[PDB]
Every structure is written in structure tokens, then in C-alpha cells.
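Every heavy atom of this structure was used, including side-chain atoms; hydrogens, water molecules and symmetry mates were not. Throughout, numbering of the chain's residues begins at 1 and tracks the sequence. Both ligands and their constituent atoms are indexed starting at 1 by order of listing.
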Amino acid sequence: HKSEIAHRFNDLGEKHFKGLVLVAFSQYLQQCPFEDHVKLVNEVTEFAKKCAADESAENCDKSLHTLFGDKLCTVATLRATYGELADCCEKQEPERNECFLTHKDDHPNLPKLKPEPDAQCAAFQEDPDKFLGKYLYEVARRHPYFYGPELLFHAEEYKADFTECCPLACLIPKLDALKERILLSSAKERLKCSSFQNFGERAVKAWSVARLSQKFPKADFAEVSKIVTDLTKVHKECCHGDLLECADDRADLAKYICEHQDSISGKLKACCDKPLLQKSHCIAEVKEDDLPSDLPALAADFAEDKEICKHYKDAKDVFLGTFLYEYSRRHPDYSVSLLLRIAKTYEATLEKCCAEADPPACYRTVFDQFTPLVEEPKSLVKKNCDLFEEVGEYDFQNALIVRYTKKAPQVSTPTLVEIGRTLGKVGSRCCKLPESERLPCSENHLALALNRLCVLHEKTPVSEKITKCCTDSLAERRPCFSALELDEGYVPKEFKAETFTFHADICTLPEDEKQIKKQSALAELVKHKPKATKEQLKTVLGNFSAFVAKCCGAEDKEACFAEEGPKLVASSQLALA
Ligand SMILES: [Zn+2]
Ligand SMILES: [Zn+2]
Ligand SMILES: [Zn+2]
Ligand SMILES: [Zn+2]
Ligand SMILES: [Zn+2]
Ligand SMILES: [Zn+2]
Ligand SMILES: [Zn+2]
Ligand SMILES: [Zn+2]
Ligand SMILES: [Zn+2]
Ligand SMILES: [Zn+2]
Ligand SMILES: [Zn+2]
């Protein structure tokens with residue numbers, strides 16, 4: 001390609017090209033106002049058009065990283081607003097880009113995007129482009145690793161919502177639903193980027209082999225391998241800020257899947273007769289195909305063949321990749337990480353056994369090594385769903401907050417509350433599902449919440465136990481966290497009465513925000529009395545809840561808090577001994 005920018009502009013079209021460039025700049029530079037970005041986008045886009053007209057024109061042959069980085073490095077008030085990035089701007093490519101990537105903020109702490117129906121409907125109708133641009137901008141800076149094409153898809157849902165409703169109780173629940181999809185989608189992609197960063201491309205491929213084999217059990221190993229190879233490149237590119245290349249390659253992949261859908265899956269038909277953005281999205285979210293009737297017996301190949309040790313030495317990556325493909329397509333009832341743990345156990349067995357005198361007798365029972373690995377997460381999910389269904393989301397979240405605060409009492413209270421609340425919503429999502437889909441739902445979603453915690457820990461490390469669980473092994477991460485008990489080396493956080501002291505401000509809050517305040521106090525209760533049982537803590541929190549409900553129902557709210565509060569604060573400590 002004579003001009004890469006021209007090529008991507010021609011492939012993607014202007015609207016998508018501008019959208020993706022806006023996303024990319026909003027993620028690299030998270031604090032800049034919407035005007036600093038829009039101007040940069042418009043200027044970049046004008047240059048692309050010029051280059052599309054004449055690819056020999058000066059600067060058109062430069063790399064995307066060079067052009068985009070140079071643009072970012074012109075931004076007004078760079079050192080004051082983006083101290084670390086200004087340092088990156090002294091470098092050449094690709095060092096500069098790598099510097100930009102190293103400095104993306106996963107916890108930027110900006111205001112919650114609260115919907116104002118009247119104000120936004122008014123801004124939408126006067127200038128939709130600006131309004132929809134703003135949505136891309138607001139979400140991108142909040143979620144710096146958000147999948148670029150996915151955000152454009154979600155912007156179009158945002159548009160349909162405002163197009164439908166504006167001509168305001170229509171609008172609020174539509175945006176609530178969309179926000180949950182943004183949260184989930186953001187968490188899924190961040191896991192992919194986190195996997196590249198912390199474990200590498202092999203780990204992302206193995207994860208993808210397992211997942212895609214589950215989704216497309218009809219497809220042969222060549223087809224799955226093909227799709228995994230291409231999908232891994234798409235994510236590598238999107239995770240490293242190469243959003244034009246990422247979008248273009250995602251579009252080509254969707255086309256290939258759809259051209260070969262009879263070979264791949266019967267569920268793709270609904271997806272494949274749609275527009276480019278919608279198509280790629282439906283495929284990424286597609287449900288698992290029905291099991292084929294001709295799935296092969298695996299014992300003969302992987303347990304009983306006499307030349308297995310030779311296979312493992314001569315064509316290791318293919319023998320193991322094939323096993324993972326075969327075992328995964330057969331087990332849609334397993335979580336992805338379980339499948340990965342199974343694959344690692346299979347590999348370790350063929351190392352151990354082949355170094356013995358008589359290997360066949362050794363590796364013959366290899367499938368029986370999987371049994372305890374399957375039973376552990378099955379029991380965990382049964383136990384957590386039993387609790388959820390008994391006590392409901394709020395108390396379930398509370399139990400998880402206690403559980404995780406005991407494991408990592410050095411973690412910040414907002415982080416512990418966030419993660420406990422997220423973990424508890426997994427119950428609501430997964431426990432009601434058909435019984436065979438609970439395990440994959442529960443563990444896969446758990447992987448997302450644990451990765452969020454790990455990502456926050458990269459920025460703000462407080463705990464060696466957390467470091468170990470986050471960095472030792474991607475497949476073993478959930479069981480590593482599950483095996484943590486009360487950190488015995490923790491010295492209890494000192495008592496501050498005011499931490500547990502409530503005031504009449506709580507009464508005006510929305511329900512979820514009242515809960516967060518009480519849940520924060522719950523975390524703090526555990527930090528000061530780490531040996532207190534979950535049953536002690538539930539009772540103490542019950543008493544706090546009753547006290548809040550009483551004084552919020554009072555004629556004089558603050559006199560109630562001022563009278564009743566200090567007694568409850570002192571007595572509650574005696575209950576936690
Ligand atoms: Zn090229
Ligand atoms: Zn597009
Ligand atoms: Zn500026
Ligand atoms: Zn968000
Ligand atoms: Zn989505
Ligand atoms: Zn993807
Ligand atoms: Zn790149
Ligand atoms: Zn053989
Ligand atoms: Zn799910
Ligand atoms: Zn207060
Ligand atoms: Zn409440």
C-alpha cells in the first residue's frame with residue numbers, strides 16, 4: 001500500500017473512519033475536552049482524503065502510528081494536562097507508541113454519565129453527529145481498551161434509542177440496559193488485552209481455541225485454527241491501539257465466517273444477513289451450535305495410542321491444540337478456564353509419563369485426572385447459587401464482600417465493594433439459567449471480575465497474595481483466588497468511629513447508593529475485626545440497616561442519627577470479637 005491512511009479510509013468509509021479515530025484519540029488522551037479531539041479527528045480525516053486523491057503526496061506514505069502520534073503530540077496544554085505523555089512525544093516510533101500504550105489509565109475516575117432526557121434529546125435533534133460523537137468520546141475515555149468497532153455498534157443502539165423515544169420513561173430503561181452491555185463488553189475485551197500483556201499471544205490463542213470450539217462444534221480443526229489465527233490478530237491490533245487495522249481485519253473475518261457458515265455453524269444464518277457492524281457483533285455474541293452426532297471417541301487418540309509420546313515430541317503444538325479443540329467442542333457445559341486447566345493437566349501428564357520406563361501404562365488414565373478439576377468449580381457454583389437463591393442479591397453481595405475482604409484486607413474499600421457487587425450480579429445473571437449453563441456463565445463472568453481486580457492491582461499494588469494469583473497462571477487464577485483464606489499477617493486496620501458513623505445524607509440517596517454506603521461500612525468492619533465470622537458481621541450489618549431505616553423514617557432525621565448512632569458504633573465492635 002502506497003498510503004496506509006488512504007487504504008484504511010477507502011476500506012472503512014468516512015463515517016466509520018472518523019468514529020474509530022475519535023475513539024482512538026479519546027482512549028490515548030483521556031482528559032482532553034471534546035473539542036481538542038473533534039478538531040484532531042477532522043484534521044486527520046482531511047489528510048486521509050487528500051492522500052486518497054493522491055497517494056504520492058508528501059507525508060501520505062508515513063505509518064499510521066507516526067501520523068496519529070504526531071497528531072496527539074500537537075495537542076494544546078500537553079505537559080500540564082498529560083505529563084507522562086509529553087515524555088512519550090520525545091520518542092520516535094515504535095518506542096513512542098509503546099510509551100503511549102504503557103500509560104493508559106484503567107481507573108480514570110470521571111463523573112458517571114447520568115442521562116438527562118430533555119437536555120440530551122434537545123442536543124441530539126440540533127446536532128446528532130456532535131451528540132453521537134460525544135457518546136463515542138465519553139465511553140472511550142472511560143474505557144481505554146474498549147473494542148473500537150464494538151463501540152461504534154453500541155453508538156448506533158444509542159442513536160436508535162434517542163431516535164425512538166425523543167418524539168422520557170421510554171428512554172431511561174433503554175439506557176440502563178445499554179450501560180450493562182457496555183460494562184460487560186468492556187470487561188470482556190479488557191481480559192483479552194490483559195491476557196496479551198500478562199501471558200502473551202499463546203494464552204489468547206488457547207483461550208480462543210477453547211471458546212470458538214465450544215461455539216462452533218461442527219467446524220473442523222483447520223477452520224477453528226484459521227478463525228483463531230485471524231481473531232487473535234484483530235485483538236492484538238485493537239489492544240495495541242491499531243484501530244483502523246483492527247476494524248478492517250474484523251470486517252474481513254466476518255465476511256469469511258459468513259461465506260463459510262455451512263461449514264462453521266448453523267446459528268450464523270441470523271447474523272450473516274445483516275450490515276457490516278451488526279454482522280460482526282452478532283457473530284461475536286452468537287450462541288453455541290448443537291452438538292454434531294459424529295463427535296469422535298477421544299480415548300483411542302489421546303489415551304490409548306501407543307505412539308503418544310512420539311506425537312507429543314514431534315508435533316507438540318498441533319497434538320495439544322487438537323486435544324483442546326476436541327475436548328472443548330464436546331464440553332459446552334464447561335467454563336473456558338476449566339478447559340484450559342484440563343489442557344494443561346493433559347500436557348503435564350505427557351511430560352511425566354514419557355520420562356518413565358513404560359509410558360502407555362502411565363498415560364492410560366490421563367482422562368481420570370480431569371475428574372477432580374471438573375468437580376471443584378461445579379461444587380463452587382452449586383454452593384454460590386444455593387446461597388444467592390436463599391438470600392438474594394444484596395446479602396449475596398455482602399457475603400462475597402466479607403469473603404474477599406478477608407482474602408485481601410489491604411485492598412481499598414471502593415475496590416472491594418465494586419468487586420463484591422460485581423461478583424454478586426453474576427449470581428443474578430447465571431443462577432437462574434438452565435442448569436448446564438450455570439458453570440460456564442458463572443466462571444467466565446468470574447474471570448472478568450477477577451481481571452478487573454488484577455488490573456486495578458497493577459496500578460495500586462497492596463498484596464503479595466493478589467500479585468501471585470494475578471500473575472502466575474491465567475487458567476489457575478480463579479482457583480488461586482478461591483484458595484486464599486484470611487491473610488494472617490494482616491494487622492487489623494485501626495478503629496475510626498467516623499467510618500462507621502452515618503448521617504441523614506444517606507436518606508435522599510437512590511437505593512443502590514444507600515447499599516454501597518452500608519457495604520463500604522461492612523468492608524471496614526471486616527478490616528478492623530478480620531477474625532469475625534460472616535454470621536457475626538451479617539447481624540451487625542442488620543443492626544446498622546435497621547438503624548438507617550428508622551432514622552430515615554424519623555420526623556427529625558439528624559437528631560435520630562446523633563442520638564442512636566454512637567451507641568450502635570461502640571456496641572457493634574463488641575459483637576465482632
Ligand atoms: Zn498496508
Ligand atoms: Zn465499519
Ligand atoms: Zn488542549
Ligand atoms: Zn462506563
Ligand atoms: Zn456488544
Ligand atoms: Zn473480538
Ligand atoms: Zn501498532
Ligand atoms: Zn498414534
Ligand atoms: Zn456470559
Ligand atoms: Zn455519613
Ligand atoms: Zn436498601
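Protein N/O/S atoms closer than 2.8 Å to the Zn ion (ligand 7): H65 NE2, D242 OD1, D242 OD2.
Contacts of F47 classified as ring pair (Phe, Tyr, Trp, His ring centres under 6.0 Å), with partners at least two apart in sequence or in another chain: none. The ring pair (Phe, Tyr, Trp, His ring centres under 6.0 Å) check on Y145 picks up nothing, with sequence neighbours excluded. Qualifying side-chain contact (heavy atoms from CB on, under 4.5 Å) partners for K15, counting only residues two or more places apart in sequence or in other chains: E156.
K49 forms no cation-pi arrangement with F9, by the criterion of a distance under 6.0 Å to the ring centre and an angle within 45° of the ring axis. Cation-pi contact between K104 and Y28: present, with separation from the ring centre below 6.0 Å and deviation from the ring axis of at most 45°.
Here the side chains of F100 and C73 are in contact, with some heavy-atom distance below 4.5 Å.
Inclusion of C238 in the first shell of the Zn ion (ligand 6) is not supported: no N, O or S atom falls under 2.8 Å.
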